[PDB]
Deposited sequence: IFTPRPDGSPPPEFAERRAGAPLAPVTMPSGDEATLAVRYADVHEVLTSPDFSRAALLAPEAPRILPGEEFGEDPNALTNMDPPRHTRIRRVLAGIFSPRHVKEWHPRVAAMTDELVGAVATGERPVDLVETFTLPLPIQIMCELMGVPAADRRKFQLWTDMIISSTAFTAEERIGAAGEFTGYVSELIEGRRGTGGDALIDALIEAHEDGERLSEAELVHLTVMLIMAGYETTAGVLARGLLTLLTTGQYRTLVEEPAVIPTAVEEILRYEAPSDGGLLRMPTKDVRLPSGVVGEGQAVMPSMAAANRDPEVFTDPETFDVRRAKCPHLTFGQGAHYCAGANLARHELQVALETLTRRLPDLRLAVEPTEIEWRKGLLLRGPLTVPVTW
């Protein structure tokens, strides 16, 4: 909520998990909601059918931040049955067995960027040169987007967390660019992600395809960049980077542990109960919105032994960083793969990587909910 100078959780989480599992919290908007922090409460909030996303569009419902965007055609603001139809299409697209035509593009973009880091001026900022551009360049290649337009996609997303009409403006260039992009691509015989989306509209409405495309690009850039910058910074400060260099087989569990520990937001999309719901820690009333804090759930000693310790070898790691239930992250398999190949390539090409400053000098983004370091200087 209030800017922290590092990636330390707010201590109000541990307090709420101990004795105030389902208490009000006042959000940046000034409105309040019940904050669920215990794993089991968050699990239930994310899986139960008795909560609605679409109800948060109603004019009286509470908001997390001040403003609009709040789009009625965004996947995150829909309920069954509409919601279910678009997800069926997305499983058909992000077929875990269609990733195979896509793995090479991920590795190629990593090799590209790690090479550039490798011959760059030390000390290098790993954010600007690696962690920020890797996911945007990946999403762009998969959407058949000219590399000349990637910086523009980055700024529109950054703008769309900037003051109302400036955010409507930037949403309007993205939607417009994307619909145009689409018109161009219809009729080519393509096999990229953008192509599979287009061809699902011949099950997706016009505005559905456009907004889904926009969201896939935004979703798959900001979160991954966040998690990866954070993950690398923890690897470097704990010295667990070296563990991955010496034992590359540990990279899978490291990815999971980074997801758990580095969950980029402390908050979550509100859920509205459509009737009185019993969660494990208590009953929450109909019409009283709940915030699921997956970040808090991820550091719950009921589930994770020694929750505040970062351990790349952690075997039991059912984190909620991809959410859960129906809104479970659509790009979960791509993201996990991006993270693995990122760590694989970087530890292979630069084993003797190390932070070029002390942790406490690194600055973190202030405001905009999502938390992450502003720069990660390294040398070797």
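*Asks:* Taking the deposited sequence as numbered from 1, list the residue ranges that were left without C-alpha coordinates.
*Replies:* Model skips 1, 71-72, 165-168, 210-212 of the deposited chain.
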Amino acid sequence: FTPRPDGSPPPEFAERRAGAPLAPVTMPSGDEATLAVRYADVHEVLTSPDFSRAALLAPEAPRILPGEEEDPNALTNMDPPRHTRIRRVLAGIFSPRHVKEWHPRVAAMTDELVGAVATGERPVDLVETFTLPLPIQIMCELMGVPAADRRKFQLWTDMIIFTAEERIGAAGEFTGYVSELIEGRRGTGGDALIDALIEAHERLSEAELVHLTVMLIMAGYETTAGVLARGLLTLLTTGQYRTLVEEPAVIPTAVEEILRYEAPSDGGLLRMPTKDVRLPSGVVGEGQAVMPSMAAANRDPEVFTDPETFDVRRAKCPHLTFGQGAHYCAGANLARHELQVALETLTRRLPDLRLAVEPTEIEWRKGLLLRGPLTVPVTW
From here on, numbers count along this sequence of modelled residues.
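*Asks:* Per the record, averaged over C-alpha atoms, which has the higher B-factor: 121-129 or 88-96?
*Replies:* On average, C-alpha B-factors are higher across 88-96.
*Asks:* Using only the Cα atoms and their B-factors as the entry lists them, report which of 311-319 and 60-68 averages higher.
*Replies:* Comparing 311-319 with 60-68, the higher average CA B-factor belongs to 60-68.
*Asks:* Among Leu270, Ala192, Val114, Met294, where is the Cα B factor highest in this entry?
*Replies:* Top of the list by C-alpha B-factor: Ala192.
*Asks:* Which is it among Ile362, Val25, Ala14, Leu22: the one with the largest CA B-factor in the entry?
*Replies:* It is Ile362.
*Asks:* So where's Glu166 on the chain's Cα temperature factor ranking, which third?
*Replies:* CA B-factor rank for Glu166: highest third.
*Asks:* What third of the chain does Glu302 rank in for C-alpha temperature factor, lowest, middle or highest?
*Replies:* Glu302: CA B-factor falls in the middle third of its chain.
*Asks:* Lowest, middle or highest third: where is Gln240 by Cα B-factor in its chain?
*Replies:* Middle third of the chain for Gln240's C-alpha B-factor.
*Asks:* Could you look up the Cα B-factor of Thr175 in the entry and say which third of the chain it sits in: lowest, middle or highest?
*Replies:* According to the entry, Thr175 has a C-alpha B-factor in the chain's middle third.
*Asks:* What third of the chain, by the recorded C-alpha B-factor, contains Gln154?
*Replies:* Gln154: CA B-factor falls in the highest third of its chain.
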